[PDB]
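Undergrad: Model the following, please.
(chains A, B, C, D, E and F)
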Amino acid sequence: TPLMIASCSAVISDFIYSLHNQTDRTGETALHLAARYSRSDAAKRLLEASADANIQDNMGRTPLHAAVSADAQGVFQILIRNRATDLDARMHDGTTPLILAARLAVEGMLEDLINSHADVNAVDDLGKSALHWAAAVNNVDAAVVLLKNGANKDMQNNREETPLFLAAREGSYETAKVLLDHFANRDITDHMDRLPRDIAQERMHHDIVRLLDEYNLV
Amino acid sequence: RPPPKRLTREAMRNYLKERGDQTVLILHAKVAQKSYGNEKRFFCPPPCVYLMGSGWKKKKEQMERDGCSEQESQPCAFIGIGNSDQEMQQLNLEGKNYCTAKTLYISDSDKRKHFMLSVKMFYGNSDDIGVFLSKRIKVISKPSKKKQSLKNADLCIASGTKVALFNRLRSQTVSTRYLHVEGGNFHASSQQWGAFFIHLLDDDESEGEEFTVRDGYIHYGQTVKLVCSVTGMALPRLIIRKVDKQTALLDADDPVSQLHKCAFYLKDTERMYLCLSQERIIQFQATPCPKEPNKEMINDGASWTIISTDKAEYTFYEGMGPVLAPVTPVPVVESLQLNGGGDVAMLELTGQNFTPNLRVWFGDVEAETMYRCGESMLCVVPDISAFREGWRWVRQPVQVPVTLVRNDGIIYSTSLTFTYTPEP
Amino acid sequence: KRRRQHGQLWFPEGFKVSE
Amino acid sequence: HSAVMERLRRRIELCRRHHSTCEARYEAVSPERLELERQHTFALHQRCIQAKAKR
DNA sequence: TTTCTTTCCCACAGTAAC
DNA sequence: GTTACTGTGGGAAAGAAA
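TA: Numbering: from 1, shown residues only, chains lettered A, B, ... in the order given. Provided below are the atomic coordinates:
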């Protein structure tokens, strides 16, 4: 708390001269908070004073996870620039940093993680890879990067839903286009034997359907 | 027709006070036996559809208060198999608070590896309610009575999950009785069936209550304990044993699989066994041990069948009177993480069936919402000043209720509650 | 093995058998 | 701060634009879906009331 | 060939309607 | 009683995966 009240709101260098203490409610360490409230300076000194940058809070998220969720470009760089920091950290639900970067539509954070060599085909506790969420959120920009950097374009989550499927369900025309361009298989039935063209026809997303019928065939 | 109305501010306060949530519900076996030719192997246990909640009644009263017969306000409903070209069998919910489809079956025509029960629902006066589905169901051509490798799960029961155990007499579908509980004892009513937790207890376990369970799958021999997923009352320490040909074995380390007849050994006494006397569940002994010191022949009616049941759930409310559109789908929220904090405090939700016509409500305050996808949503945590006309910074922990509200008024009670914590 | 599920016991006939 | 604030304004804007496109694309199909649904409800309510007479 | 999984087959044995 | 049937469960038969 004493080192947590001056690192979240020479307030870090004088006290350190407690370190990895987790609160009772959030259970986050000084680092987490310093990462969520985007306190670049404080976060840095916290790592310099040799602090575990992979501790998990009450939800399994590491200081890095908070860096992305809070879109703290500053603290983010500091974490991905640290050798110790685990880039493929996983929350309690399997949520990886790369994924969160493609979900909350953050600037560049994704490619930054991908360049720092992070498992692109990482999957949450549901099977959805980073490329999957990029399809459900119609995040074309991120979808392209995840693809150019080798990503199972036809990977199936637990429900056997392919990246293209979620793109057809959500009606992500822009992303559906990209995926189709990279010769992505469109005849991959989910666990219920339904083609991406069916779910699309169901949601009545005529656009996606039109593609799955004429765009880049044979 | 009266155009949909935005759930007014005052409207919420009212709900938060009453909270008569109309909630559907479903229970079913995670697995189903596929019938070939013109056969018909029903779904056992039979998929039940309760209608819990106090709101259900408040709806009846509200409907009649506008001209509705005991028949025009009586909630009707059917049930079918996913997108199959069959007929949705109806349900008789008259007077009853539930209803089981004792005749649901899937043919071998449906080459689906999985599927899920569809439950169309509407009131007496054709007032649309929506379509409630249940978790997925795997299709098996026959219960692998053979050995089971701990490599292909889903078919292997795990310590903690829920299950159902029934009994089939002389091979007749009219006899079948399921393990049930009521009045304070364990019946066997062939009219009702219940889910029973199946915890795994280490051989060095004590008496009963306040014990400890441990993860892991279940193989015959382990000391398991079955607790009622509803009432709570459970049967004293039991040991499951693989059975076949009216003989309960003692030497079987094989992993218990779906649809596997097995007998239950009571406490560490001599013999005895859990059996059904075509009436209720009473003690027995099964003394015959001539075959092998490890093969204790057991009297019929004790070779219950194992099956792991699941449970679907949907709860809502007509926060703004009737609506032209169905309350389906029902937005469920599993995870609720806080993104950043302070001046940019935002919330990211993750669940299922999320729709772009939704908004999150921090108590009686409606906060801006961003639709990410079918299972992700972003809202903006409203300044604390929206709950404390006096402060500009969290002076004291304030816990407000979270809840999803559609645009036509329908509100879906979550369960989660966001709390304002003083920024350190 | 760290969790703990409580309940409510109920014995049909011949309970003392376990000794 | 004015440099990072811009990063924020742009992010929220994009998210809001996304929601706007999705919600509008959903409401646009509302009728087609709502009508088709009630059409199925009718076919059943007919058998629900007709199955009541044979009682 | 072995080892299962998927399909067929068929007979107890209660139901229903005369 | 007599007939016409029908879910069920165990086993034979045909593939399909070792």
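Undergrad: Give me the phi and psi for the residue lying farthest from the centre of chain B.
TA: Note on chain B: the largest C-alpha distance from the chain mean falls to residue B:390, namely 44.7 Å (Cα atoms, centre = their mean). Dihedral pair for residue B:390: phi -100, psi -30, per degrees, to the nearest 10.
Undergrad: Tell me the residue of chain D that sits nearest chain C?
TA: Nearest to chain C in chain D, going by Cβ to the nearest Cβ, is residue D:15, at a distance of 39.1 Å. Backbone N, C-alpha and C define where each C-beta goes, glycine included.
Undergrad: Show me what the helix or strand containing that residue is packed up against.
TA: Taking DSSP states H and E as the definition, one finds residue D:15 inside helix D:2-53. Where contact means 3 or more Cβ pairs under 8 Å, 6 or more residues apart in numbering or on different chains; DSSP states H and E, helix D:2-53 is packed against strand B:76-81, strand B:89-90, strand B:117-122, strand B:128-133, strand B:369-373.
Undergrad: Nearest to residue A:92, out of these?
TA: strand B:369-373 (19.6 Å; Cβ to Cβ).
Undergrad: Quick check: residues of chain C near chain B?
TA: When proximity is defined as Cβ under 8 Å from any Cβ of the partner chain, chain C approaches chain B at C:1-15, C:17-19.
Undergrad: okay, now residue 19: neighbour count?
TA: Just going to use chain A. Per other Cβ atoms under 10 Å in any protein chain shown, the neighbour tally for residue A:19 reads 14.
Undergrad: wrong chain, I was asking about chain D
TA: By other Cβ under 10 Å, neighbour count at residue D:19 equals 19.
Undergrad: Spatially nearest residue to the spatially most central residue of chain B, not counting backbone neighbours?
TA: In chain B, the centroid-proximal residue (Cα atoms, centre = their mean) is residue B:311; its distance is 1.6 Å. The shortest distance from residue B:311 to any non-neighbouring residue, by Cβ to Cβ, 6 or more residues apart in numbering or on different chains, is to residue B:27 (5.2 Å).
Undergrad: And the one you found, its phi and psi?
TA: Taking degrees, to the nearest 10, you get phi -140, psi 140 for the backbone angles of residue B:27.
Undergrad: give the contact list for it.
TA: Listed by Cβ atoms under 8 Å, 6 or more residues apart in numbering or on different chains, the contact partners of residue B:27 are B:45, B:47, B:48, B:49, B:50, B:195, B:309, B:310, B:311, B:312.
Undergrad: Recalculate using a threshold of 6 Å.
TA: B:48, B:309, B:311 (Cβ atoms under 6 Å, 6 or more residues apart in numbering or on different chains).
Undergrad: same deal with residue B:34?
TA: B:106, B:108, B:139, B:141.
Undergrad: residues from chain A in reach of chain B?
TA: A:4-5, A:8, A:36-37, A:69-70, A:136-137, A:170, A:191-193 (Cβ under 6 Å from any Cβ of the partner chain).
Undergrad: Can you classify residue B:200 by secondary structure?
TA: Secondary structure state of residue B:200, per DSSP: H, G, I helix; E, B strand; the rest coil, is strand.
Undergrad: and it, how many residues sit next to it?
TA: Residues near residue B:200, counting by other Cβ under 10 Å: 21.
Undergrad: wait, doesn't it sit right on residue B:158?
TA: No - at 8.2 Å, residue B:200 does not count as touching residue B:158 under the criterion of Cβ atoms under 6 Å.
Undergrad: For chain C, just list every one of the strands.
TA: Taking DSSP state E to define them, one finds strands in chain C at C:8-9.
Undergrad: For it, give the residue positioned nearest to DNA strand F.
TA: Scanning chain C for the residue nearest DNA strand F gives residue C:12, at 23.8 Å (criterion: Cβ to the nearest atom of the strand).
Undergrad: so who does that residue touch?
TA: Contacts for residue C:12 (Cβ under 6 Å, 6+ apart) come out as B:282, B:283.
Undergrad: With residue A:62 instead?
TA: Residue A:62 touches A:54, A:56, A:89, counting by Cβ under 6 Å, 6+ apart.
Undergrad: Is the helix or strand encompassing residue B:360 positioned near chain D?
TA: Following DSSP H and E, one finds residue B:360 within strand B:358-362. No - under the criterion of Cβ under 6 Å from any Cβ, chain D is not reached by strand B:358-362; the shortest gap measures 9.1 Å.
Undergrad: Centre-most residue in chain C?
TA: For chain C, residue C:9 is the residue whose C-alpha lies nearest the centre (Cα atoms, centre = their mean; 4.6 Å).
Undergrad: Show me what it bridges to in the sheet.
TA: For residue C:9, the beta-bridge assignment (DSSP bridges) gives partners residue B:234.
Undergrad: Wait, it touches residue B:237, no?
TA: No - Residue C:9 is not in contact with residue B:237 according to Cβ under 6 Å; the separation is 9.1 Å.
Undergrad: Outside of stretch A:163-171 itself, list whatever touches it.
TA: So stretch A:163-171 is contacted by A:131-132, A:135-136, A:175-176, A:179, A:184, A:186, A:196, A:199-200, A:205, A:208, B:373 (Cβ under 6 Å, 6+ apart).
Undergrad: by contact count, what packs against the helix or strand hosting residue A:178?
TA: If you go by DSSP H and E, residue A:178 is part of helix A:173-181. With contacts defined as 3 or more Cβ pairs under 6 Å, 6 or more residues apart in numbering or on different chains; DSSP states H and E, helix A:173-181 has these neighbours: helix A:140-148, helix A:163-170, helix A:206-214.
Undergrad: Quick check: the residue nearest to the centre of chain C vs residue B:267, distance?
TA: Per Cβ to Cβ, to the nearest Å, residue C:9 is found 10 Å from residue B:267.
Undergrad: Can you list phi and psi of residue B:196 for me?
TA: phi -130, psi 120.
Undergrad: circling back: sort out which of the contacts of residue A:62 are in strands and list them.
TA: Per DSSP E, these never map to strands.
Undergrad: Go through those and say which is closest to chain D.
TA: residue A:89 (22.5 Å).
Undergrad: Distance of the residue nearest to the closest one when sequence neighbours are not counted relative to residue A:142?
TA: Nearest residue to residue A:89, sequence neighbours excluded (Cβ to Cβ, 6+ apart): residue A:62, at 4.3 Å. According to Cβ to Cβ, residue A:62 stands 21 Å off from residue A:142.
Undergrad: which parts of chain B sit against chain C?
TA: Contacts of chain B with chain C, taken as Cβ under 6 Å from any Cβ, map to B:199, B:208-210, B:212-214, B:227, B:232-234, B:236, B:267-269, B:282-283.
Undergrad: Show me which of those residues are buried.
TA: Buried members of the residues of chain B next to chain C, scored by 16 or more other Cβ atoms under 10 Å in any protein chain shown, are B:199, B:208, B:213, B:227, B:233, B:234, B:236, B:267, B:283.
Undergrad: Farthest-apart pair in the residues you listed, please.
TA: Maximum pairwise distance among those (Cβ to Cβ): 24.5 Å, between B:213 and B:283.
Undergrad: Around the residue nearest to residue B:29 when sequence neighbours are not counted, count how many other residues there are.
TA: Among residues not flanking residue B:29 along the chain, residue B:307 sits closest, at 4.8 Å (Cβ to Cβ, 6+ apart). For residue B:307, the count of nearby residues is 25 (other Cβ under 10 Å).
Undergrad: Next, the contact list for residue B:303, please.
TA: B:243, B:261, B:263.
Undergrad: got the residues of chain C near chain D?
TA: So far as Cβ under 6 Å from any Cβ goes, chain C does not lie against chain D anywhere.
Undergrad: Most proximal residue of chain C with respect to chain D?
TA: residue C:3 (39.1 Å).
Undergrad: Next up, the contacts around the residue of chain A found nearest DNA strand E.
TA: Distance from DNA strand E to each residue of chain A (Cβ to the nearest atom of the strand) is smallest for residue A:193, at 13.6 Å. Taking Cβ under 6 Å, 6+ apart as the contact definition, residue A:193 lies against residue B:112.
Undergrad: switch to 7 Å and redo it
TA: By Cβ atoms under 7 Å, 6 or more residues apart in numbering or on different chains, residue A:193 lies in contact with B:111, B:112.
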